[PDB]
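Observations on the model geometry
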Amino acid sequence: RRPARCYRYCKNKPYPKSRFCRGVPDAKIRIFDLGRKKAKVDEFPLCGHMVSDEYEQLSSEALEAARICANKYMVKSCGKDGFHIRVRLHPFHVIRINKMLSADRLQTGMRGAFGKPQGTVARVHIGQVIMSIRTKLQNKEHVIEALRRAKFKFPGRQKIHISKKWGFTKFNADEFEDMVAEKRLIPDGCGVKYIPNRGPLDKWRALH
Amino acid sequence: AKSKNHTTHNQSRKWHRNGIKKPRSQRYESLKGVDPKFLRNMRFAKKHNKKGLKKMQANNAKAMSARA
Amino acid sequence: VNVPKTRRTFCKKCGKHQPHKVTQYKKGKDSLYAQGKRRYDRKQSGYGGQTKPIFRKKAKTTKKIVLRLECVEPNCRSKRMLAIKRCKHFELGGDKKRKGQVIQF
Amino acid sequence: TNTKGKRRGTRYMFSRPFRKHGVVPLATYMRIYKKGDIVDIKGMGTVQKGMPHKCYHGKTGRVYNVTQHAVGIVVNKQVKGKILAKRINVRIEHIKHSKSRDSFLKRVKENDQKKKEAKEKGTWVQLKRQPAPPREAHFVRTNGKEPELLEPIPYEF
RNA sequence: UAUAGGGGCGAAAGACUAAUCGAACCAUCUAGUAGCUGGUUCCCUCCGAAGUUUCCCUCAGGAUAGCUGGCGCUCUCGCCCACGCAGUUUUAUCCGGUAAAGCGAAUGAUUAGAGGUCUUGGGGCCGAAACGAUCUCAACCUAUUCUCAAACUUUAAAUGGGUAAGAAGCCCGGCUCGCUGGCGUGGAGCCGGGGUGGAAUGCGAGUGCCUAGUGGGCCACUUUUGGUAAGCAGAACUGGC
RNA sequence: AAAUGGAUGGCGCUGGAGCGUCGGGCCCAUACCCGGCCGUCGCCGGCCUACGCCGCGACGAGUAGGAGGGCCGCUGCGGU
RNA sequence: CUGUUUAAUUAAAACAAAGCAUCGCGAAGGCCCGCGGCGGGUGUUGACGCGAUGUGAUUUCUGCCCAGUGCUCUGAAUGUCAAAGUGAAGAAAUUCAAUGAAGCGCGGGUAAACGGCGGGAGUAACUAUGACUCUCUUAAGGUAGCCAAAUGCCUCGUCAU
RNA sequence: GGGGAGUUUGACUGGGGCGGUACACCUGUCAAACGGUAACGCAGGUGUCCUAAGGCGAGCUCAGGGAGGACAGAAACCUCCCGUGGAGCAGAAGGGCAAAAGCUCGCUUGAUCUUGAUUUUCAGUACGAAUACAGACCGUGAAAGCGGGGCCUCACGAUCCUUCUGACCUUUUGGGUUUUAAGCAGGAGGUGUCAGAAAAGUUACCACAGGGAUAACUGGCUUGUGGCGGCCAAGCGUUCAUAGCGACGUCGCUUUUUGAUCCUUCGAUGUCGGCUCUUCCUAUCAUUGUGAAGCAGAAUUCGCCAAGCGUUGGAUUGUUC
RNA sequence: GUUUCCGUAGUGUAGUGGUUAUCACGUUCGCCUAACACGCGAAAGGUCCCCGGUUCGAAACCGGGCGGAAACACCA
RNA sequence: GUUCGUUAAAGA
RNA sequence: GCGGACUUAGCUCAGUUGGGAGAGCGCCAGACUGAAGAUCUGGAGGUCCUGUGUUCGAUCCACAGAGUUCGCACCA
RNA sequence: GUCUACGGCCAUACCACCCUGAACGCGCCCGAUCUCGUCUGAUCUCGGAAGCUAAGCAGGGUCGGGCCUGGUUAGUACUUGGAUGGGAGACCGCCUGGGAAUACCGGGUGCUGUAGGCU
Ligand SMILES: [Mg+2]
Ligand SMILES: [Mg+2]
Ligand SMILES: [Mg+2]
Ligand SMILES: [Mg+2]
Ligand SMILES: [Mg+2]
Ligand SMILES: [Mg+2]
Ligand SMILES: [Mg+2]
Ligand SMILES: [Mg+2]
Ligand SMILES: [Mg+2]
Ligand SMILES: [Mg+2]
Ligand SMILES: [Mg+2]
Ligand SMILES: [Mg+2]
Ligand SMILES: [Mg+2]
Ligand SMILES: [Mg+2]
Ligand SMILES: [Mg+2]
Ligand SMILES: [Mg+2]
Ligand SMILES: [Mg+2]
Ligand SMILES: [Mg+2]
Ligand SMILES: [Mg+2]
Ligand SMILES: [Mg+2]
Ligand SMILES: [Mg+2]
Ligand SMILES: [Mg+2]
Ligand SMILES: [Mg+2]
Ligand SMILES: [Mg+2]
Ligand SMILES: [Mg+2]
Ligand SMILES: [Mg+2]
Ligand SMILES: [Mg+2]
Ligand SMILES: [Mg+2]
Ligand SMILES: [Mg+2]
Ligand SMILES: [Mg+2]
Ligand SMILES: [Mg+2]
Ligand SMILES: [Mg+2]
Ligand SMILES: [Mg+2]
Ligand SMILES: [Mg+2]
Ligand SMILES: [Mg+2]
Ligand SMILES: [Mg+2]
Ligand SMILES: [Mg+2]
Ligand SMILES: [Mg+2]
Ligand SMILES: [Mg+2]
Ligand SMILES: [Mg+2]
Ligand SMILES: [Mg+2]
Ligand SMILES: [Mg+2]
Ligand SMILES: [Mg+2]
Ligand SMILES: [Mg+2]
Ligand SMILES: [Mg+2]
Ligand SMILES: [Mg+2]
Ligand SMILES: [Mg+2]
Ligand SMILES: [Mg+2]
Ligand SMILES: [Mg+2]
Ligand SMILES: [Mg+2]
Ligand SMILES: [Mg+2]
Ligand SMILES: [Mg+2]
Ligand SMILES: [Mg+2]
Ligand SMILES: [Mg+2]
Ligand SMILES: [Mg+2]
Ligand SMILES: [Zn+2]
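Definitions and cut-offs
- Residues numbered from 1 in each chain as written, not as in the entry; some residues may be left out.
- Chains lettered and ligands numbered in written order.
- Part of a larger assembly, values for the part shown.
- Heavy atoms only, no water.
- UniProt positions renumbered as here; feature names shortened; annotations may be inferred.
- Pairing = 2+ DSSP bridges.
- Helix = DSSP H or I, 4+ residues; strand = E, 2+ residues; numbered from the N terminus.
- Axes fitted to C-alpha atoms, helices over the stretch in contact; angles between N-to-C directions.
- Buried < 20%, exposed > 50% of the residue type's maximum accessible area, 1.4 Å probe, protein only.

Listed as the method for this PDB entry is cryo-EM; the listed resolution is 3.6 Å.

Per the PDB entry, chain C is named ribosomal protein eL42, and its organism is Oryctolagus cuniculus. Turning to chain C, the UniProt annotation filed under Subunit states: "Component of the large ribosomal subunit." You can read under Sequence similarities in the UniProt record for chain C the words "Belongs to the eukaryotic ribosomal protein eL42 family."

As annotated in the PDB entry, chain B carries the name ribosomal protein eL29 and comes from Oryctolagus cuniculus.

Here it is in structure tokens:
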């Protein structure tokens, strides 16, 4: 395990797991939701998300350790089924390793300098959301403290923002309680379906 | 003993030492490459132009000098 | 590959498409008292060893198959050559194939 | 070392873009290609016979020879030494006209009509194509409403 | 006294053979050849590079092209308008597939929830058993949703490349054709005539011969390849050494 | 936290001689403008060594290399 | 063992040595020199001799393989095999056919000639180790002896002194 | 027939050798929206195959899925419907193709002979490949037209010599006949190091001309690796995170190890270890002064100011260790 | 570390020139034998290392991993 | 004029 | 490239002055035997390397080709 | 206001479903003896004309799916040229110019040439 000081800010083209790699090991993270997975939309009002500031690469093992720390603080603060955390970031970039000493000079110089697939990292743009936690109205400070504990574990400098939107949907929390009851938005599990007016009339007949 | 293999550095500056020249002028353009059936048309047409253009163009020149 | 026995190809004597017996071109035995053969024997005779170079590093495994085309028509007897691309196996004139046949290996 | 064959960089250039895969239209054929016509070169992946080369795509040439079902075009290609007039035989499907020469002939016909009108009526017409002039001292109008005050908005993430 | 140089002698070390021996000494061929080190002799004036394409048993070299110098020749101006050119812009006309963006759009990956009942696979109930009825689960489908792709793409920049901006261009009339063909139809060539004020800016242009040196490069902003990174190795434009 | 004793150049500097924003002056390079002189080049003047004599204007750096001039120099030869 | 050796970096575990053996040769011969001769050394010599070899006193020993590379012997019994010769075609150059000396191959011998000597799995009343037995394989499968040696990477192997 | 003689031991290469062909030709990317544009860059290929898998004409539509129909089941055959390339086009990919360039059927060799032009790498040279033509003989189709190989992008080769094919060809030397030989034009035999010499190894007995264009010492950049610290804290510490520790992640320092490059040194910088000897640093082993402990005392552990002074004798190994 | 070769029932293997589960042993059942070993007739035991691509059809042809076996790792 | 191996301590 | 040899049963061999299949080791079923070995009887298994031509009829006649081996010679 | 034959533009013109169609015209249709080719007059050919607009076809509609066009996204992501601008770097900000796309919303869904016939 090489340190994260040698795998850092972006310098190469994205090299994903595809037909051409064929040698990448499995990533460290596999799951992304840890809280109440089958939660509805009206259960947890607010959400806080974690905004990056530096155009950097985040490793899957750092994502693993951060989601474990955030899950532990959430189950200590608001208990089981009192939160819903989602890691928005997904690792796809595959770094390469040029290992040597396999204490002698007599194995290989820089003869074939192409790297075997070592691990999986994720390129992060400036302003791209790392994690997002939706909770109750009374759990405002606990999301801030959980993302603060994850801030010391992610590299680089990044900020926090409690979103104006109602959870994971792209609609505003002020217009949510005024607009989901009258006409448009119908809950679809944890997601929200937005219906336009350019539909067949049978959908409006099935509604109301 | 590895050396620098290939580059195009310091090439456009050598090109614009002399002001890269279009051929820019061929009055009565080159004729080779054109269709041989069209050449069999054109050569016989030119030599019969040399043969039989005299009297009809002469009378037409007389007619246009009489009119204008 | 496969070529047929007969083929109606343009022969240069009569100027028409006439059928041709197609045979395999023999390489031909070299004749003594040729120009280069007499020169090579005169140059080789004497204490000089091998004078002209002898080829060793052969790399191609196939040869270009060329066909001797003879005019079938009487008293013409025009012969010429037609070259084909390189092939490993070369059937002479038989064993044509068909699509609807069972494999039965 | 790039193995310079024929069309080694043409994954996108000799392709039909979108909703155009199929048979060729016949108005590409039904055109008048004579000598001296200034034409453009645009490669087609449908007819794999007489595409010129990957270098001559998008270029513009002059017609010197016309045959049964193709055409001959001279093209000024730039190489390392100097630009060269090169004689290419390109089929009809790869070639369209150029509207720039047609617009120039329209401008020449308009200049001839204005010159005939000038000789008829004694009017100095200024038939030269002047570029975009600087704007004159024009006059504005602001009646009914005061000009709207604008200030930059605060930063909200 | 005998063994004299690819010879001699050697209880063998390739040791000795006149201070030289894994081939003695002297002279001649011979001033052997070297793509390889070193050097190459007075002044002033003018012009002034390159470490690049391709080829070679080619990689310390050479040939060719490019860059350069010299020698000229053909013209143009000096006495309302000239011939022409441009590492430039503009006016029109085409060309591209990168940046970006998207995958509730084809291909490849990938996350989670919801609904539906076609289907088989695993549990449970009514119970001799029964697609006789039903709870649960998997797969599938539907509408969503998370995140991407140098070898993905509906769309699509900036930058960039070509062409035209006239007298070599238009219009009219007529001959020739063995090309073509309903037609004096079409197309090319030839002949005669009419009017040159047809974007901006700058510049006086075209062309022939001979030849040296060069063929080890490096650095800097920006775009990048490999590498953890390098005063590392390798590319693009421009500039400098 | 690093091996000789040393580095905003040192000396020193705290109401600055530090930091960030700037105002008015001041100093110079072979850079720029004017002027004197040399040379090269372009155009040109005169029936005064015509290979000489003047006139105007613009520029002069440079290794490898290439030209022109030398009333620079050494040795010898024929005229003088 | 005494002796000799790299004069001018080695004195030896190197060379030589007696002993053990092997092969060629009966003189128109073996091993060699010579540009040349029936010229010379061995040879003023004759198998207890000459010439070329491996090992290196004494004692006890000389395991097994001719598959390969060598060496040697044999039969024109038989394939291949060059000049010269024979026959045929023709005007001749030329062509063709059989005839086939050495050598190679076919057959035999030789290892005190060059050389070579195996990797698998299951098995005995605790566990292990494992004579025995099945199987692939070679030409033969390391025998008598000896050992981490001047020969063993791991290795500063383990035990005892 | 190495007893003796002459000659050779390819090239690229993050030193050479070994490994590999990046040595000849293709596909996509690198490639920065004309084109060109590098590395022992990435992912994959080629030295073949086809008398049809060529050319023409006609007919049909593919892969997959749904519903059915005895034996028939997940897959045997037939029918109805949906079915934009999701199949197939000889092979590695890219482009292109639906009354088609795909499948089936009927004839045919245009995969024929000949002279020029152009494109491709390019020096605007060649080879190979390709394009539009032109002149003969043709094939198919009712005709239009299409075809001088493969739907396109690669699948291949100079001088000299040999062989074969053609003219009712030329010369065979003072003149005739015949054989032979030479030539003319185009097909083949091959230069894979693929624009082409005919080629094994060692030198620690080595020699010469050169190179720091080029390795082995140090020194220089970097710190992968080694060593030494810090950050948030799930847990260890009987209870109790931070007395002492600290998993998962993460930020740094050093050149006391090792690695990477070749910047200097090849007309020489004497290359390990030990002895002796001087100076310096602290990341402190002890001593001086201190703080904290799960510090009762004793003995320890963790930190601070701190390099002033000490930091052994020996059996082994050349040893560093 | 580099280059080749191998992976098939409990064991060692044969076998692709694409289309069986093949051989001897190991186990079980039955026979003869007073009873064993031996002998005989059968039966059972396969993911042909794993995952993908090519094809009507793969263990086979190819690619990526795994677990092994050989050769080299030299000059200072 | 071929081959047949094993059969516990004893058997009071 | 020239000359010459061998291609047969599951295995190893025989077979022209051609009328076309044999021997041994293997296999099966009996007999003999207290049981095995030997022995005796009766069957199974040859596509005789492939194709063409002569013949009324080719393993044995001739030609061509396909695997293995032995010499010989080398201007592409 | 239309249709038929040949078309040009190639989805503003395709796909699913529901209505309308007076007169020509297009068709479904009625049968194999000749031309014709199939297992089958199903397909292709041959001489029609008893019905029908049920289907093909021509129109209209679907708060239709797609297509095109226009706002929003957005002077935002990007980008030519510049600085002794910031920052340890990662990048970011400014001068001068150019300036894209999806979700969101609104509008359309055929235009025509030649030749011929019906109200
Ligand atoms: Mg170079
Ligand atoms: Mg001789
Ligand atoms: Mg591209
Ligand atoms: Mg010695
Ligand atoms: Mg020696
Ligand atoms: Mg001496
Ligand atoms: Mg020597
Ligand atoms: Mg000598
Ligand atoms: Mg000399
Ligand atoms: Mg000399
Ligand atoms: Mg070179
Ligand atoms: Mg040099
Ligand atoms: Mg030159
Ligand atoms: Mg010049
Ligand atoms: Mg000049
Ligand atoms: Mg992008
Ligand atoms: Mg010179
Ligand atoms: Mg560099
Ligand atoms: Mg400078
Ligand atoms: Mg100071
Ligand atoms: Mg200040
Ligand atoms: Mg000067
Ligand atoms: Mg000594
Ligand atoms: Mg002895
Ligand atoms: Mg004798
Ligand atoms: Mg022995
Ligand atoms: Mg023998
Ligand atoms: Mg046991
Ligand atoms: Mg032993
Ligand atoms: Mg020799
Ligand atoms: Mg080399
Ligand atoms: Mg570009
Ligand atoms: Mg490009
Ligand atoms: Mg259908
Ligand atoms: Mg393809
Ligand atoms: Mg495709
Ligand atoms: Mg067709
Ligand atoms: Mg023709
Ligand atoms: Mg070459
Ligand atoms: Mg030594
Ligand atoms: Mg480390
Ligand atoms: Mg260097
Ligand atoms: Mg170095
Ligand atoms: Mg370098
Ligand atoms: Mg010194
Ligand atoms: Mg001290
Ligand atoms: Mg026993
Ligand atoms: Mg009938
Ligand atoms: Mg019939
Ligand atoms: Mg009918
Ligand atoms: Mg109806
Ligand atoms: Mg209808
Ligand atoms: Mg409609
Ligand atoms: Mg709609
Ligand atoms: Mg910029
Ligand atoms: Zn003929």
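From this point, the narrative continues.
1. Re the sheet that holds strand β2 (residues 60-66) of chain D
Residues and elements named next belong to chain D. Taken together, the five strands give an open sheet; going across it, the order is β4-β3-β2-β1-β5, and neighbouring strands pair in antiparallel fashion. The sheet is open, and its two edges are formed by β4 (84-91) and β5 (95-97), each paired on a single side. Taken over all neighbouring pairs, the strand axes of this sheet differ in orientation by 45° on average, direction set aside. Summarising the sheet, strand β1 (residues 38-41) and β2 pair through three bridges and their orientation is antiparallel. Bridge pairing in β2 links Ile 38 to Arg 62.

2. With respect to unusual backbone geometry
Positive phi is not limited to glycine here, since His 208 of chain A has a value of about 55°. Relative to the helices and strands, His 208 of chain A resides in the segment after α4 (201-206). For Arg 77 of chain C, which is not a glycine, the phi torsion comes out positive at approximately 60°. For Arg 77 of chain C, the location among the structural elements is in the loop between β3 (63-71) and β4 (79-87). Residue classification places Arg 77 of chain C among the exposed residues on the basis of a relative accessible area of 63%.

3. Thoughts on the UniProt feature "binding site: Zn(2+)" in chain C
Residues and elements named next belong to chain C. As recorded in UniProt, the feature "binding site: Zn(2+)" lies at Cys 11, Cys 14, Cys 71 and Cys 76. Spanning 66 residues, the annotated positions come together in the fold, the maximum distance between their C-alpha atoms being 10.1 Å. Here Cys 14 shows up in the loop between β1 (6-10) and β2 (17-24). Its relative accessible area of 38% is what places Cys 14 among the partly exposed residues.

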